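[1] From the sequence below, what's the structure:
(5 chains, ligands or ions: 1)
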Amino acid sequence: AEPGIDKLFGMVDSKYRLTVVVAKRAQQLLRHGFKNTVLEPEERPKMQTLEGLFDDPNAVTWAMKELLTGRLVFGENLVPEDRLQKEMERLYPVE
Amino acid sequence: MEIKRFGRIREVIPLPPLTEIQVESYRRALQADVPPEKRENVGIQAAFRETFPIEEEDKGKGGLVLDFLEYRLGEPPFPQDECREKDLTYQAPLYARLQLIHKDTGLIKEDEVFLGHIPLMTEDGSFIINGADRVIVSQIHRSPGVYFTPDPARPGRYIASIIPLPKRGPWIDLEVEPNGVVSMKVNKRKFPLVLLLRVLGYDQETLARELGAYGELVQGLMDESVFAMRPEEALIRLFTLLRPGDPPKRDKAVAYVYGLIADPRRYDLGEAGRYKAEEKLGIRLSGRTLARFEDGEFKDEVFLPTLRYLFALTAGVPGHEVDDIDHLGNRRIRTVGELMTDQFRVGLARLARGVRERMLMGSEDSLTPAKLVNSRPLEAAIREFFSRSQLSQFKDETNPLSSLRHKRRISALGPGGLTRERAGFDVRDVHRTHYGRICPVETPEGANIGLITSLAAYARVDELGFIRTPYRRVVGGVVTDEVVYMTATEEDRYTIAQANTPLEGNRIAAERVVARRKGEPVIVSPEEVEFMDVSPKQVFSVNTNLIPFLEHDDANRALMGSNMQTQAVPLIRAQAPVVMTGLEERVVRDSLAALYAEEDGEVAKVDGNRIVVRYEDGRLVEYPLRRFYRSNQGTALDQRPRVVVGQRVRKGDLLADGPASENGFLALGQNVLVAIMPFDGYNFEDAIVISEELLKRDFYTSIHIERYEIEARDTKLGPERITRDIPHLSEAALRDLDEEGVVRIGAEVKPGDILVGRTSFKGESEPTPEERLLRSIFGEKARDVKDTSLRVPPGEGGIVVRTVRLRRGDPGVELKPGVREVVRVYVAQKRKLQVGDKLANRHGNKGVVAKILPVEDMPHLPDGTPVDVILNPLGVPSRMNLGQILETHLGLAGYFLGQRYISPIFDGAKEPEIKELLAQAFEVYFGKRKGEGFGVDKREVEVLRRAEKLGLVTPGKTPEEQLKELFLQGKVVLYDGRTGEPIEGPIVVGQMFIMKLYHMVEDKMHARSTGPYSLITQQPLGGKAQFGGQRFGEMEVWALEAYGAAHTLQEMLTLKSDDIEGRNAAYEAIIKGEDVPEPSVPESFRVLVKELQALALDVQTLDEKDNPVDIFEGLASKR
DNA sequence: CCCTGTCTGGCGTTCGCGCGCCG
RNA sequence: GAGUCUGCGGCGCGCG
DNA sequence: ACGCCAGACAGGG
Ligand SMILES: Nc1ncnc2c1ncn2[C@@H]1O[C@H](COP(=O)(O)CP(=O)(O)OP(=O)(O)O)[C@@H](O)[C@H]1O
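    Numbers count the residues shown, from 1 in each chain, chains lettered A, B, ... in the order given. Sure, structure below:
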């Protein structure tokens, strides 16, 4: 199946919430630039025509791989709706 | 190879021409082959005299007398193939002689009037309506008589029913409800049953005492005494009961219609209807149906006997008057003829309608020709029946057998007048009398079922649609070789016995032997055995009789077997079954697959296109062979010569084989060695395996030809030209298009190549301001014309074999309007048995190919011979069809004994006899092995150990003797092939006949990205080259709904199907690798809203606070 | 005028796909 | 800097 | 054809 899906399922209060989180995460992953990640260095996402998955294969595949770690934070109202998209474009470069 | 046929029941008569019902029916239908002198005047001629003497007397001036002389039809406009090449309708011209009389001195005879072009029948039994061969399927229904059936809801007493066909013509019912009324219904509202008796002449006194001496129901008849005291007046009183507001005075006018000529029937005087009378109810009939017009005073020997048996059915046992509808001695079968004659007479009425109007239009006497006749009605009438009647379909010619079956399957649905579709649990069931008259299995599985079922083996329609079945006579304890095709009614009067009865010749052999009185199993004595069945085959249909051991297969699973055959695709290599039934020969021959020699003679020339034989009578004929023709279903039909140059030929010997015949034998699929064991997961429960070796030799290969066609339309924008000129990009794509415009023959066309080039105009009416700047920049002078060329649609193409082009000066073709010229492009391709395909044996095991294993490692026998296919065992326990396991055992024998066999239906081969042949095969198997130099394997002995420990071989006997014992069981030892290790435990193997099923365009898969959309609904749709989207159905909706698949559900309803703006942005986004925008309103809702707005209702969307919101972005606001 | 009963009037009746025909 | 127009209603049969 | 629901009107106090 998929990497630690049960680990992931236990991390959220409701099944369908994890789904929304991963999805919204995959969205930002692409929009503000694909380098908006929290665990790229040593062991990270990878494909094999070359090791090129390091750049842009599957968005959510990363989101899950990150949420599996304890770096990200998902809440009902964590950071004010509009101020987030502003600070995010200010710090992340790829366009 | 040798042939041994086991079952011995003396087949007293041959199977009737399978095509006999269609051929002969249409023969008697249109008696045109013999002069009008010849007496058989039914059908054409009958319908003619039925409406030819047009009598129109007074309303101004009349005394009109137009009468029929002789009907003659004879020179076909064009020929068969010409009618398939060109879209034509193969119909002969008919014009009979006609002469109109006058009340004044003069009788003008305008000899011919070609009104109506009626289709002809091909030598085989099918027609050619328009480009495609069609079939007229027979039908069933209640015949015309009078019967007495039990009352609807009330458990009380039963009611009578008088049934007169044609449609127009009353339908009487006699019911008594004693608190004060009796009910006789013509169209609907009841009056009395006596108000009618009194008109004809039956008074309350005489009527009541004679019909009611035995009963009491007579008290409802004398009830309304007030109307019963006046005779001839009740005639006018009844007329009053009908309701239009008509003249009270009409001497004997409407009493005539339900009297002698029209509504009642002109069915032969004597046995047509009078049969259902004399035996079932009432004794006499004066004049075909209740008919008379000699004194003005009518006679009805039918109206009192119906209520007389109602009084009799409801009171006691004059006999037991309960009629089992379904007894075939009651429901009749409508042959083609009848069905065409009816429409022909419906057209005749339509013509006679308009002609009567012209008897008054014509100034003076010169009014014979055009003044009385107009071909308009007849043409449309007949034409409509053969092109739009719900009964004509595509001839199922997967293999000639298929077509033959499709032709004899019995239907209920039809004119619409007879029986409809959501009414029929009693009709649908297989009645008793359906014996040897209707297959009980041929009923197709699916919604439309039971309503359709091919007839049986020896079944043959006698004179009037009563499928008579053959039954041999047996006088005393003596059985005869004499046979009587009997009516289903007559069958119940006798005590008949089965064919399985032991017989010494004419002598019955057992005192207590089986017989069936009337649909009831009965143990009768040889002395009472009045009649015996003819043979086991008659019980079933042609298509079913082709099943090996049909006796060991479950009726339901056998059905599939019969159906599967109808879907057998013609393989280049046609091989008859290793085990046949006995009708394979008869099939191809009565079907017109193979080409038989007429008379004895010698062969002169053996071409690949023709075999010119020389008969010994001093004559020689050139027999062309349909090289490669396009079947309606797209299968190949080639006649492969099988006779060498200069050869004395026997009368009736195959000179060329039909599309799927090996040697005069029906052949659909081939005989292959098969191991019946389980492999990894390849052969799943229904799924089955295949050996690469089968592809090596083209064992499962078939040919498919397609007829692509394109037309050069005439647009007001400019004629669409056909030319080698394909305006925009390369020469590489114009090679194959050698001939200016057309594609060269023998050219390999792959999907996406130009079959035909055509050039139409760019816009609707205006050029393009943006495309004008593009053209000018690189080269303004650009052929303004757009590229609209016929390309190979995705999927596949093969090599171009034939091409047809019809230009300006048309020979004798019918070019549609606007259509400047057409261009057909036949492409053929070789199809090799692959994974997707599906195969199945005659018994019922159906399955698809899961994996093509290399001969390298599939199961192989002690001797290097490897198995062809591996069938999963599990698919036979739950399913009941051991006949297959029985076919593989005898097949095993045939493999090493090099011989074919013929096991009849119930009488065929038996377990002992097979073990015997197997005993003979062991010597060929193991005997050669002993002499060749070697004995038994470590393997062969190891499997024996586990085998003795199992219970298959008597412990203590020699491996030589044990293997024999084990072989007799139908199983032999096999090595894995992948490890060389044996398969612990003996596994049966054998020669099983397996066929390949027709690959419809439902096989060739569909995957759609983006494409067309519907005009009114904005949902995705395909067709030609763009696949077309899948349906998501609410059931599936629910599926995603169950899951938290929100957006997934949205997507489906928006971005993927209806969101006009959505899909668009969607695409671009993805092209960009962007994140899809957020859904706009779905056109479906929009179209809904407006559709609802069409109706008074106003549906408006609202905001947070009940306030507008706009769905229609901005085109709703006005101006 | 009431309650009960009876015929009466309206709708529904798997799901998707192939092919071929026809105005 | 490509995009129009056709495939509809019904009928028949066949798959699972 | 059937089955089912819902209905509006007519008969017996
Ligand atoms: N009239 C019909 N309507 C809908 N689906 C039908 C159908 N006839 C057949 N099918 C479907 O196609 C399948 C064909 O039947 P089977 O393959 O025999 C299923 P099954 O229940 O597994 O029987 P099995 O155990 O003998 O294989 C069914 O599961 C059913 O879903």
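
[2] Which of the helices or strands spans residue B:472?
    Using DSSP states H and E, residue B:472 falls within strand B:471-475.

[3] wait, residue B:357
    Per DSSP H and E: helix B:336-361 holds residue B:357.

[4] mind listing what residue 60 touches?
    No chain was given, so I picked chain A. A:22, A:23, A:25, A:26, A:29 (Cβ atoms under 8 Å, 6 or more residues apart in numbering or on different chains). For the C-beta atoms, the positions are set from N, CA and C on the backbone; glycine is no exception.

[5] Wait, chain B was what I had in mind.
    residue B:360.

[6] I'd like to know how far it sits from residue B:54.
    For residue B:60, the distance to residue B:54 (Cβ to Cβ, to the nearest Å) stands at 16 Å.

[7] residue nearest the centroid of the chain?
    Let's take chain A. residue A:63 (2.7 Å; Cα atoms, centre = their mean).

[8] ah, no, chain B please
    residue B:406 (3.4 Å).

[9] pretty sure that one is touching residue B:565, no?
    No - using Cβ atoms under 8 Å, residue B:406 makes no contact with residue B:565, being 11.5 Å away.

[10] before we move on, the earlier item: between the contacts of residue A:60, which is nearest DNA strand E?
    Within the contacts of residue A:60, proximity to DNA strand E (Cβ to the nearest atom of the strand) peaks at residue A:23, which comes in at 43.8 Å.

[11] Count the neighbours of the closest one for me.
    Neighbours of residue A:23 under the rule other Cβ atoms under 10 Å in any protein chain shown: 14.

[12] how close does the spatially closest residue to it that is not a sequence neighbour get to residue B:1039?
    Closest residue to residue A:23 apart from its sequence neighbours, by Cβ to Cβ, 6 or more residues apart in numbering or on different chains: residue A:60 at 6.7 Å. Residue A:60 sits 21 Å away from residue B:1039, going by Cβ to Cβ.

[13] Name the SS class of the residue nearest to the centre of chain A, please.
    Recorded secondary structure, residue A:63: helix (DSSP: H, G, I helix; E, B strand; the rest coil).

[14] Contact partners for it?
    By Cβ under 8 Å, 6+ apart, the contact set of residue A:63 is A:21, A:22, A:23, A:25, A:26, A:29.

[15] Going along the chain, name the strands of the stretch 301-450 of chain B.
    Taking DSSP state E, counting those that start in this stretch as the test, the strands found in the stretch 301-450 of chain B are B:331-334, B:392-394, B:409-411.

[16] nope, the stretch 501-650 of chain B is what I was after
    B:513-516, B:521-524, B:531-533, B:579-580, B:595-596, B:601-606, B:610-615, B:620-624, B:629-630, B:636-637, B:640-641.

[17] looking at those, which is closest to residue B:856?
    strand B:579-580 (29.7 Å; Cβ to Cβ).

[18] buried sites along stretch B:429-449?
    Across stretch B:429-449, burial judged by 16 or more other Cβ atoms under 10 Å in any protein chain shown covers B:431-444.

[19] how close does the residue in the stretch 101-250 of chain B positioned nearest to chain A sit to DNA strand C?
    Of all residues in the stretch 101-250 of chain B, residue B:132 sits closest to chain A, at 51.7 Å by Cβ to the nearest Cβ. Using Cβ to the nearest atom of the strand, to the nearest Å, residue B:132 is found at 4 Å from DNA strand C.

[20] Quick one: residues contacting that residue.
    So residue B:132 contacts B:84, B:394, B:395, B:632 (Cβ under 8 Å, 6+ apart).

[21] How about the secondary structure of the first one?
    With three-state DSSP as the basis, residue B:84 sits in helix.

[22] Correct me if wrong: it contacts residue B:127.
    No - counting by Cβ under 8 Å, residue B:84 stays clear of residue B:127, with 11.6 Å between them.

[23] Could you name every residue contacting both of those two?
    Residues touching both residue B:84 and residue B:127 by Cβ under 8 Å, 6+ apart: none at all.

[24] Between these two, tell me which one has more neighbours.
    Comparing residue B:84 with residue B:127 by neighbour count (other Cβ under 10 Å), the higher total belongs to residue B:127, at 22 against 18.

[25] Identify the residues contacting that one.
    B:90, B:119, B:120, B:121, B:133, B:134, B:135, B:136, B:386.

[26] What about the residue of chain A found nearest DNA strand E? Give its phi and psi, please.
    DNA strand E sits closest to residue A:16 of chain A, with a gap of 36.4 Å, by Cβ to the nearest atom of the strand. Residue A:16 adopts backbone torsions of phi -60, psi -10, taken as degrees, to the nearest 10.

[27] What's the separation between it and residue B:1048?
    12 Å.

[28] related to what we said a few turns ago, restricted to strands, list the contacts of residue A:63.
    Judged by DSSP state E, these include no members of strands.

[29] Filter these down to the buried ones.
    A:21, A:22, A:25, A:26, A:29.

[30] ok, which of the residues you listed also contact DNA strand C?
    Of the residues in these, proximity to DNA strand C by Cβ under 7 Å from any atom of the strand holds for none.

[31] Okay, and which of those map to helices?
    A:21, A:22, A:25, A:26, A:29 (DSSP state H).

[32] what about the one residue in the stretch 301-450 of chain B that gets nearest to DNA strand E, how many residues close to it?
    Nearest residue of the stretch 301-450 of chain B to DNA strand E, counting by Cβ to the nearest atom of the strand: residue B:423, 2.9 Å away. The burial count assigned to residue B:423 is 10, neighbours taken as other Cβ under 10 Å.

[33] Can you list phi and psi of it for me?
    Taking degrees, to the nearest 10 as the convention, residue B:423 sits at phi -140, psi 110.

[34] Leaving out chain neighbours, which residue sits closest to residue 74?
    No chain was given, so I picked chain A. Nearest non-adjacent residue to residue A:74 (Cβ to Cβ, 6+ apart): residue A:21, at 4.5 Å.

[35] not what I meant, chain B
    residue B:92 (6.7 Å).

[36] same check, this time on residue B:507
    That would be residue B:477: by Cβ to Cβ, 6+ apart, it lies 5.9 Å from residue B:507.

[37] Could you check how far that neighbour is from DNA strand E?
    Separation of residue B:477 from DNA strand E (Cβ to the nearest atom of the strand) stands at 46 Å.

[38] Count the neighbours of that residue for me.
    15.

[39] One more: residue B:574?
    For residue B:574, using other Cβ under 10 Å, the count is 22.

[40] and it, what does it touch?
    Going by Cβ under 8 Å, 6+ apart, residue B:574 touches B:657, B:660, B:661, B:662, B:667, B:668, B:670.

[41] for those residues, which one is nearest DNA strand E?
    residue B:668 (38.9 Å).

[42] does that closest one sit in a helix or strand, and which one?
    Going by DSSP H and E, residue B:668 is not in any helix or strand.
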